[PDB]
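Visitor: Have a look at this one before I ask anything.
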Amino acid sequence: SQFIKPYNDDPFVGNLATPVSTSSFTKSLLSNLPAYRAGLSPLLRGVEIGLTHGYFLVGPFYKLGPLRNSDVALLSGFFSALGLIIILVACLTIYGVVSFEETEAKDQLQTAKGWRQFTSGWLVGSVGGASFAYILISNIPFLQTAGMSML
Amino acid sequence: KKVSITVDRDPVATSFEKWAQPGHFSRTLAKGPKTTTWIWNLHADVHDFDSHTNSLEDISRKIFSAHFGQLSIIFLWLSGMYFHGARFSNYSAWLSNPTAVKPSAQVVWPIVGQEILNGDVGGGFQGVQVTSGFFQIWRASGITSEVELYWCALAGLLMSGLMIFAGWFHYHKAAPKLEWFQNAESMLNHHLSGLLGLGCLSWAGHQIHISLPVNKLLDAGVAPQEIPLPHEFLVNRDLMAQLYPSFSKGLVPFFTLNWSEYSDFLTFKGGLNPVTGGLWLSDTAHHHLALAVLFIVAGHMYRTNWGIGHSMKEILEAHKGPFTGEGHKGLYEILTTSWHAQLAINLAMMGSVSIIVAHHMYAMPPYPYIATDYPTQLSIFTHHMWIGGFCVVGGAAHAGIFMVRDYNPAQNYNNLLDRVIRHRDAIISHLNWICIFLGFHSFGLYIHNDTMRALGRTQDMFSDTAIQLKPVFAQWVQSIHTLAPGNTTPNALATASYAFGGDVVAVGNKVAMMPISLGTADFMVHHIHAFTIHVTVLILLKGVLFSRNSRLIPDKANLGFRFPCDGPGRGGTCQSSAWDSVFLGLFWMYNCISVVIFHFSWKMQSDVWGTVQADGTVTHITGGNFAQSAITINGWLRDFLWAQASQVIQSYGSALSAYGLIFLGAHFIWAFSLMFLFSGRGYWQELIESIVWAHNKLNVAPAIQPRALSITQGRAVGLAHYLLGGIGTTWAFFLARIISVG
Amino acid sequence: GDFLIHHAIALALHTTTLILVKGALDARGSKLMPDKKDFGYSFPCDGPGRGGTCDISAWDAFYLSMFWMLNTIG
Amino acid sequence: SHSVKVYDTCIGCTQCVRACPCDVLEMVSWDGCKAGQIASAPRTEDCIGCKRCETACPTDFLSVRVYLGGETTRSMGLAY
Amino acid sequence: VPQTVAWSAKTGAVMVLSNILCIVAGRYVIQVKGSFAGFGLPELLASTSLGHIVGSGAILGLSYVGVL
Amino acid sequence: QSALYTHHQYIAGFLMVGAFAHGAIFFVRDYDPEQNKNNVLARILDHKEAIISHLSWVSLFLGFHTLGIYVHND
Amino acid sequence: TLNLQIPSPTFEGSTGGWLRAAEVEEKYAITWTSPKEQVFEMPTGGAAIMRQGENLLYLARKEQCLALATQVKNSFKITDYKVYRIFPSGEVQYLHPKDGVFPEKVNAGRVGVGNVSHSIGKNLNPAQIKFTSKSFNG
Amino acid sequence: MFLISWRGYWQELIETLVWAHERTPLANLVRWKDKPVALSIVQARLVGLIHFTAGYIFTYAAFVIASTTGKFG
Ligand code: CLA
Ligand code: CLA
Ligand code: CLA
Ligand code: CLA
Ligand code: CLA
Ligand code: CLA
Ligand SMILES: CC1=CCCC(C)(C)[C@H]1/C=C/C(C)=C/C=C/C(C)=C/C=C/C=C(C)/C=C/C=C(C)/C=C/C1=C(C)CCCC1(C)C
Ligand SMILES: CC1=C(C/C=C(\C)CCC[C@H](C)CCC[C@H](C)CCCC(C)C)C(=O)c2ccccc2C1=O
Ligand SMILES: CC1=C(C/C=C(\C)CCC[C@H](C)CCC[C@H](C)CCCC(C)C)C(=O)c2ccccc2C1=O
Ligand code: SF4
Ligand code: SF4
Ligand code: SF4
């Protein structure tokens, strides 16, 4: 009864098959993430990933920024999150420019057209998620005080 | 029988012949010098017994006799300390007035004006103030006269002679065989039950029969010269029974299990003695007696000539599960064949135990009048912290030495060692990542707070008057331990230490112990400590796990444990050995222990140590500056480093001026160390070529050709002078400051 | 004090001159490495052989002399 | 790739070839020495530059010489 | 302080019971040494030492909790 | 005055170190012995050992006695 | 030629094995024959047990293969080992021993590469060969 | 740190980091174009010298200007 096995039945590759790396739960979670899920265009992978990360990017800027004790804390935090989103989109753009040669293939992430679609989706999702987080914190007083409003 | 005594008689003749032949132990070195490198090789590899011969028996005999020689040196040192306490100390005057007489057991001769170092230490005595804590130990042991110290010195000298004679006998006359050394079960049984167990029992006997009545008379205010001699406490049961009436009942309550009758001299009071500021000696007597009972019970565990007992090989091989393959199989052979693995384990444990000793001895002062002796407390904490760190790094080093030399992959197939080697990349990568995470979210807090205070934004800082990082877990543990007497420890009168909370124990208007609160600065500095310890672990573990091979050097085990490099190729393979990883980990141990002792010194001087005056307010040494200053590097630089160095730089013309001299000298030597650390061998070899030309011009070139120190020796010399300089600088600064203000 | 600090300055100037002149004059070759001019002005070493050859180039003598120059201006 | 040269001071002791971890040198027939052989470097594209051959050479100042040049994947010792 | 008692017949009864239980347990569980064949002096010493240990622990615990 | 003195003296140290470094580069790259037979440069190279040894002697002299006076006074 | 169907030594796997550059840039192979099943140390870290008969192993670097060859030569007296280079296209290039005879032994047909016809002290100064493509050897 | 610690330790750490990045999901979709290596020996000497020299200059300039300003300005 051994729980740790050579990866992919190859003992000489630089990896091991472990319960953390190769169990059914880990494989299901990785295969159901948008970066690996089958049947998705790169644009929709970008949209989901951008929605998630841009949605969670609003929080630290609103709660810990230099304007956090002012009345415009949420507006400043959303604007800072949008600036970080623009910087990361520029990072994606230069990565795709330098990493891929121009090929006909556009249904994979590691192609030039596919990465450009992924970057476009990530920008649009990041703006949408950040705006949704701004709306929710603006309209719900529970999120404005992060739970001290119950006390 | 299986455990027996086997000895070879007269294996090595006692002669002075090899004394005249340096390098006799090494076949390479016995040919004699041709270069100056030979001398350094002779002094560097001399006690590396396993590299001179392949016979394990001779190596073990050499190890046993060298341990006897070290024990002889330690007994000579102890006898010296007792004699210098007996003849050149103010110990009786300190016994009469502990709160006003500075301990001093070193007197200098007047030669060049150094008699100024014989400072006015009180009690009509002039000498160098000592901080080793021997006076408090002798007061705890019941030593009331210098005659007893003279007899202790004589006993130490006799034991030193006995140890050196035992070394000569057990190497040169009757050397034990390899089968005698390879009895781990018998050695553990005898050393657990006889060494630790009977030692604890006899010291509990000494504490109960000698230390308790003498110290009870001392705390009641009796002068030492009218206190009865210890043998009078032994023979006069009435004289003891006035102080502890249970001695009137004799040993009948012990054998009839009516032990609560003995509750007056075996207590579990806890806290501290209000008269002396130390632990109750009855608590220590029960403690060592309980340790004696537990150790003697533990010393009957392991299997021997008779059928009872555990077999450690069976215990190791039985513990194996689905995640770990063969489990602990093969470790018994490793630990019964390789001395280096045992040295690794025992050095690691002794270092951790020394660190535990430092923490538990500052927090719970065990000796009378040692709590208000602030130099003694700071000295023993810093000293045992440094010894602990050195021993831990040595355990890692000698683990790496085992990995290079004594590891056999054929006998280590799919056991824990093999699987640790087989996921070394995951270990080092995850540890490296967590070290970078710790570095960012610990040191960047200090950098961030420095910038915010510099930018005039005090409300943006990490502090108690700003955005807070409260140590809620440690405060909760402190609350539990303060609430522990009577709730989870119903038989304790007081807390184990007042550092968790409670009253201010003060002795002679000086704080013995008070509660040590934990705030944002304590949070940041404890996570700095965790960061530094994890980085030291990263360096040492990466050196150990990659000691035999790596992706860079696939045959690193053939090069050995200690080599400078594998050439400039592969981009450069400099400092690729495990020895160089130990070389860097010693620097990081220095950094870690330095930050730990700086935290200790500042926190005790700011929040614990101080003077008690009227209306019960406590005036601390630095006035409580730790909470607002230890959150920035600038606060550490100004209020701790700049502020407390005033005493060592203005010590000139006083008795502490030697510390200032040592301060400067350590400042010199550490900088001198960088000349070895930053430079390389080829420059010095060509400069030595020019100097050799100069000596050739006057026909005064030596026959032994001078060579530059080796690359490994350059690193080692730079590290040794660096460690000496840094530890001496902290030594002089700490000692001058704490003698002056405390 | 002025006497002592000028003689210290003379010490530092002479020592920096020693490092720099020794680097310039041994740049073409030494007893440890007689073909140094074939390897250029800057290279890491000549390997661990012949006792070890760390910091043997004249660029390394520049590197060592920079600390002494900082010391002298300090 | 690094450049490895063998000069005619070679005595054909074969130590440099035995010290090479990357199989860069080999012994070829020659008439310049009593051993009747000289070292050669036909495979310097696999040379990492470790200079173990230079450490192994017993002739006063070395007969085999390694000149570090342009770094490649093989010469940098990269398993990635 | 936990209450301990002077020696009595109850203390002897607990100690004797602890010795007899530890002798039977040592008879049954010791791996390396009709039913009492091979019973030697070291095994008797070990079993009776555990009997004194268990009896002391039981006597102190029952004296604490009031069973006496 | 302090800033101007410190600035231009550090510039001076950098310039002198650069002078010696680029002289070493001149020996590495540009020095032709055959065009400089029995020249002053060649005679520097022919008694370079005396120059370096006497620089070492004066540096050790200065450091030994200057540090000895300073430590003596301390 | 490299037989791809040679069985491999029994190994439980490790994190030290070959990375993506082995399948993308180049990979190395070592084959050898053992007289018995015996435990050897992997050059990437860890212990493996080689089978009786032929053994094929894959590595990322040539030096790792030659380190394993030296280890089995000095610990198991195995000298019949062969080292090949494999590209992603599938072309196999035999590397060691190149002509069947080990490089420390003289074999006929070998030609000297990089041999210089003078001592090392007769190399040219850079000033002759500055602004000129002449070699420093002459 | 660039003048005391030398190359092979950092190079093996970078081998470990390359393995960690290549074996981590959601990050091996991103690949470097240049292989990460440790700094070379001469480069590391130069970088340690640069950090050392900058610290020397900035420390003394800050000290002399702030000290002269505090005493006299
Ligand atoms: C109960 C018996 C007993 C005792 C007390 C010891 C004690 C010791 N052994 Mg040990 N040993 C024993 C049995 C015992 N051994 C057996 C049976 C074996 C074989 C399996 C070994 C094999 C062994 C090895 C291989 C080594 C030791 C070492 C040591 C020393 C550890 C260092 C230390 O803490 O010294 C401080 C502790 C002290 C008590 C200091 C006093 C030292 C003397 C010798 C104690 C003598 C006590 C005496 C018997 C009783 C007189 C007391 C009183 C009645 C007057 C220590 C003195 C190590 C060492 O340093 O060897 C030199 C070591 O390397 N032992
Ligand atoms: C008739 C049977 C009997 C009875 C009724 C008792 C009853 C008792 N025994 Mg007792 N005992 C017995 C038999 C018995 N024992 C036997 C046969 C022995 C063997 C000789 C002992 C030995 C023994 C000792 C040595 C002690 C007791 C104590 C006690 C009292 C403890 C009360 C309590 O809350 O525990 C305390 C409960 C706790 C949770 C405290 C924690 C204890 C330590 C600190 C925990 C350490 C854990 C450690 C870190 C490992 C954890 C990690 C893990 C994941 C591996 C209790 C009245 C204690 C006593 O007298 O106190 C006054 C005591 O010290 N017993
Ligand atoms: C239990 C303690 C212990 C023991 C028995 C050993 C034993 C051994 N170690 Mg080990 N080691 C230890 C602790 C220990 N070490 C610790 C704590 C460290 C961390 C610092 C190390 C680090 C270490 C390394 C890195 C190496 C060893 C090596 C060795 C072996 C040969 C040592 C030798 O020949 O030195 C001979 C003795 C000397 C060279 C004397 C050293 C003098 C020191 C450097 C200076 C002391 C300064 C002084 C205290 C202050 C003076 C200042 C004053 C002038 C002002 C030997 C097996 C070496 C080896 O080859 O292992 C196989 C090796 O490479 N060890
Ligand atoms: C004070 C000087 C200093 C500093 C800052 C470092 C920093 C570091 N060392 Mg080092 N080291 C030093 C001196 C220093 N060392 C010395 C003197 C030695 C002598 C022996 C060593 C020996 C040594 C070894 C042997 C090892 C390290 C390791 C590390 C790394 C630990 C990871 C970490 O904490 O990340 C946190 C990073 C910091 C604390 C640096 C400061 C960054 C803060 C947060 C501010 C950030 C500002 C921001 C980036 C600026 C952006 C502006 C933009 C314009 C660029 C880190 C890069 C280890 C390593 O790399 O493993 C992980 C390792 O193995 N070092
Ligand atoms: C009283 C305190 C004192 C102390 C402790 C020292 C200590 C030292 N001096 Mg010193 N010195 C002192 C006072 C002192 N000096 C004074 C007052 C003078 C002025 C005359 C000198 C002049 C002096 C010189 C000129 C030299 C030293 C050197 C040295 C160092 C090596 C010792 C030595 O000669 O090697 C023992 C001797 C030998 C190994 C070989 C003999 C070489 C001697 C010095 C030649 C003397 C005869 C020669 C013909 C005179 C030439 C001098 C000429 C250049 C003016 C040593 C650290 C030497 C040094 O630093 O080396 C770089 C060195 O060259 N000292
Ligand atoms: C405070 C630090 C310090 C000190 C004292 C030295 C000292 C020295 N360096 Mg140096 N160096 C340092 C830092 C330091 N370096 C650093 C950080 C670097 C950058 C990497 C260099 C780079 C460097 C180079 C590149 C060169 C030197 C040279 C020299 C030597 C000649 C200069 C001199 O004054 O001679 C006088 C010597 C001294 C003042 C040294 C102290 C002498 C002591 C005090 C004598 C007494 C010893 C004592 C009795 C020993 C007892 C100990 C015992 C009990 C254990 C001398 C040994 C040059 C050289 O070798 O010239 C010949 C040389 O070429 N060093
Ligand atoms: C909790 C749990 C316990 C411990 C373990 C654990 C597993 C680690 C942990 C889980 C943790 C972590 C991982 C929690 C997982 C977290 C993430 C951050 C949740 C993100 C949700 C984004 C949703 C709300 C929005 C999409 C935006 C909507 C559609 C848009 C509207 C927009 C669209 C474009 C249309 C136009 C209008 C606008 C408004 C512009
Ligand atoms: C200075 C230095 C040297 C030169 C050190 C020399 C070679 C050894 C000095 C040892 C002396 C001779 C012994 C102690 C000196 C005493 C103060 C006086 C000498 C007494 C004589 C009678 C021997 C190196 O060899 C070296 C190697 C690698 C990295 C850095 C360095 C390095 O910085
Ligand atoms: C820490 C350390 C490393 C690790 C250093 C890593 C590889 C480099 C980290 C630097 C990051 C990647 C960029 C730093 C950015 C700088 C602030 C500015 C660079 C851009 C300007 C030059 C324009 C080595 O590679 C090394 C090699 C040889 C001897 C000693 C050491 C050594 O001590
Ligand atoms: S500089 Fe020194 S340690 Fe580094 S590769 Fe060269 S010889 Fe080895
Ligand atoms: S430098 Fe190393 S790899 Fe290159 S030829 Fe010499 S020994 Fe072989
Ligand atoms: S080691 Fe030197 S002498 Fe020997 S064969 Fe090689 S080049 Fe010739």
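FYI, nothing fancy with the structure tokens labels: chains A, B, ... in order, residues from 1 per chain, ligands from 1 as they appear.
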For chain B, which residues have at least one atom within 7 Å of chain D, if we go by only C-alpha atoms? Write them as a list in words, please.
Guide: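 My answer is residues 551, 552, 566, 567, 568, 569, 570 and 571 of chain B.
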Visitor: Next, the residues of the selection above should be written as an mmCIF file, in the first residue's frame with N, CA and C atoms.
Guide:
```cif
data_model
loop_
_atom_site.group_PDB
_atom_site.id
_atom_site.type_symbol
_atom_site.label_atom_id
_atom_site.label_comp_id
_atom_site.auth_asym_id
_atom_site.auth_seq_id
_atom_site.Cartn_x
_atom_site.Cartn_y
_atom_site.Cartn_z
ATOM 1 N N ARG B 551 21.750 18.834 -9.557
ATOM 2 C CA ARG B 551 21.693 19.007 -11.004
ATOM 3 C C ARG B 551 22.961 19.662 -11.542
ATOM 4 N N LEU B 552 23.618 20.494 -10.731
ATOM 5 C CA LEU B 552 24.865 21.125 -11.152
ATOM 6 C C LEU B 552 26.018 20.127 -11.161
ATOM 7 N N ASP B 566 34.230 23.284 -8.011
ATOM 8 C CA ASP B 566 34.481 22.357 -9.108
ATOM 9 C C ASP B 566 34.941 23.106 -10.357
ATOM 10 N N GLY B 567 35.631 24.229 -10.172
ATOM 11 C CA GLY B 567 36.109 25.014 -11.285
ATOM 12 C C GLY B 567 35.176 26.145 -11.666
ATOM 13 N N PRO B 568 35.635 27.025 -12.564
ATOM 14 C CA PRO B 568 34.777 28.115 -13.053
ATOM 15 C C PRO B 568 33.685 27.668 -14.007
ATOM 16 N N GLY B 569 33.629 26.386 -14.357
ATOM 17 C CA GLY B 569 32.690 25.906 -15.340
ATOM 18 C C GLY B 569 31.278 25.820 -14.811
ATOM 19 N N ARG B 570 30.374 25.435 -15.723
ATOM 20 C CA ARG B 570 28.922 25.448 -15.520
ATOM 21 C C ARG B 570 28.420 26.831 -15.106
ATOM 22 N N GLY B 571 29.091 27.886 -15.578
ATOM 23 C CA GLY B 571 28.851 29.230 -15.116
ATOM 24 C C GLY B 571 29.647 29.624 -13.893
#
```
Visitor: Kindly provide, as an MDAnalysis selection string, all nucleotide and amino acid residues lying within 12 Å of ligand 2, counting only C-alpha atoms and all ligand atoms.
Guide: (chainID B and resid 259:260 267:268 286:287 290:291 293:294 297 484 486:492) or (chainID E and resid 1:4 11 14:15 17:19 21:22 49:68)
Visitor: Next, dump the selected residues to file, keeping only C-alpha atoms, as a CSV table (one decimal), in the first residue's frame.
Guide:
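The result, stored in selection05.csv:
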```
chain,number,residue,atom,x,y,z
B,259,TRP,CA,4.2,11.6,51.3
B,260,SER,CA,2.0,14.6,52.1
B,267,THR,CA,6.5,21.9,47.8
B,268,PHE,CA,5.0,23.0,44.5
B,286,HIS,CA,10.8,17.9,44.5
B,287,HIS,CA,11.5,18.8,40.8
B,290,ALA,CA,10.7,13.7,40.4
B,291,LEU,CA,13.2,13.9,37.5
B,293,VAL,CA,12.3,8.9,39.5
B,294,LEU,CA,11.3,9.5,35.9
B,297,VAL,CA,12.1,4.5,35.3
B,484,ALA,CA,-3.6,28.1,35.5
B,486,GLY,CA,-6.2,26.8,41.0
B,487,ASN,CA,-8.1,26.1,37.7
B,488,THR,CA,-5.9,23.7,35.6
B,489,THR,CA,-3.1,23.4,38.3
B,490,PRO,CA,-5.1,23.2,41.5
B,491,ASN,CA,-2.1,22.4,43.7
B,492,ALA,CA,0.0,25.4,42.7
E,1,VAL,CA,-1.8,19.7,49.2
E,2,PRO,CA,-3.4,16.3,48.2
E,3,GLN,CA,-4.3,14.2,51.2
E,4,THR,CA,-2.3,11.1,51.7
E,11,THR,CA,-3.0,0.3,51.2
E,14,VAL,CA,-4.1,-2.2,46.7
E,15,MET,CA,-0.4,-2.8,46.6
E,17,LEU,CA,-3.4,-6.5,43.9
E,18,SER,CA,-1.2,-4.3,41.8
E,19,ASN,CA,1.7,-6.7,42.2
E,21,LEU,CA,-1.9,-8.0,38.2
E,22,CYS,CA,1.6,-6.9,37.1
E,49,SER,CA,8.7,-3.4,40.2
E,50,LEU,CA,5.8,-2.5,38.0
E,51,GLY,CA,3.5,-3.8,40.7
E,52,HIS,CA,5.1,-1.3,43.2
E,53,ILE,CA,4.9,1.4,40.6
E,54,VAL,CA,1.3,0.8,39.8
E,55,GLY,CA,0.4,0.4,43.5
E,56,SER,CA,2.0,3.7,44.4
E,57,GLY,CA,0.2,5.5,41.6
E,58,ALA,CA,-3.1,3.9,42.4
E,59,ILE,CA,-2.7,4.6,46.2
E,60,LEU,CA,-1.9,8.3,45.6
E,61,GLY,CA,-4.8,8.6,43.1
E,62,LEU,CA,-7.4,7.0,45.4
E,63,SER,CA,-6.1,9.0,48.3
E,64,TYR,CA,-6.6,12.2,46.3
E,65,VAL,CA,-10.1,11.3,45.1
E,66,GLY,CA,-11.3,10.1,48.5
E,67,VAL,CA,-11.7,6.3,47.9
E,68,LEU,CA,-8.7,5.9,50.3
```
Visitor: Hey, which residues come within 6 Å of ligand 3 if we count only C-alpha atoms and all ligand atoms? Could you give them as a compact mmCIF listing (two decimals) with N, CA and C atoms, in the first residue's frame?
Guide:
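Full text of result.txt as output:
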```
# COMPACT_ATOMS: atom_id res chain seq x y z
N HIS B 43 47.01 21.21 11.39
CA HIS B 43 46.15 21.65 12.48
C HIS B 43 44.66 21.61 12.15
N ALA B 44 44.28 21.43 10.88
CA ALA B 44 42.87 21.44 10.51
C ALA B 44 42.20 20.07 10.53
N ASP B 45 42.94 19.00 10.26
CA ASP B 45 42.37 17.67 10.09
C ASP B 45 42.77 16.70 11.20
N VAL B 46 43.35 17.21 12.29
CA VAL B 46 44.05 16.35 13.24
C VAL B 46 43.08 15.48 14.04
N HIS B 47 41.93 16.01 14.43
CA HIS B 47 40.98 15.27 15.24
C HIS B 47 39.86 14.70 14.39
N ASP B 48 39.98 14.83 13.06
CA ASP B 48 39.13 14.17 12.07
C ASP B 48 39.59 12.73 11.93
N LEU B 347 24.47 17.23 18.97
CA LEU B 347 24.74 18.66 18.89
C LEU B 347 23.46 19.46 18.69
N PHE B 390 25.45 27.88 17.99
CA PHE B 390 26.65 27.21 17.49
C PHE B 390 26.47 25.70 17.46
N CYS B 391 25.88 25.12 18.51
CA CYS B 391 25.70 23.67 18.56
C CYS B 391 24.67 23.19 17.54
N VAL B 393 24.09 24.68 14.55
CA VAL B 393 24.77 24.72 13.26
C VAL B 393 25.80 23.59 13.15
N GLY B 394 26.46 23.25 14.25
CA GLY B 394 27.35 22.10 14.24
C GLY B 394 26.64 20.77 14.02
N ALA B 397 26.13 20.70 10.37
CA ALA B 397 27.40 20.45 9.70
C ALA B 397 27.79 18.99 9.75
N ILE B 401 28.31 16.00 7.05
CA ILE B 401 29.50 15.14 7.02
C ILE B 401 29.10 13.66 6.95
N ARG B 562 34.25 18.82 2.03
CA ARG B 562 34.91 20.11 2.12
C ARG B 562 35.84 20.27 0.92
N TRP B 579 30.12 22.25 3.28
CA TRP B 579 30.92 23.05 4.20
C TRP B 579 30.68 24.54 3.99
```
Visitor: Under the rule of at most 6 Å, produce a per-residue listing of chain F near chain G: chain, number, name, the closest pair of atoms, and the distance in Å, as a tab-separated table, using only C-alpha atoms.
Guide:
```
residue	atom	partner	partner_atom	distance
F:29	CA	G:126	CA	5.6
F:30	CA	G:127	CA	5.1
F:32	CA	G:127	CA	5.7
```
Visitor: Please identify all residues of chain B having at least one atom at most 12 Å from any atom of chain G, considering only C-alpha atoms, and return them as a VMD selection string.
Guide: chain B and resid 324 to 325 403 407 to 429 545 to 558 570
Visitor: Show me which residues line ligand 5, defined as having an atom within 8 Å of a ligand atom where only C-alpha atoms and all ligand atoms count, and present them as a count of residues only.
Guide: 11
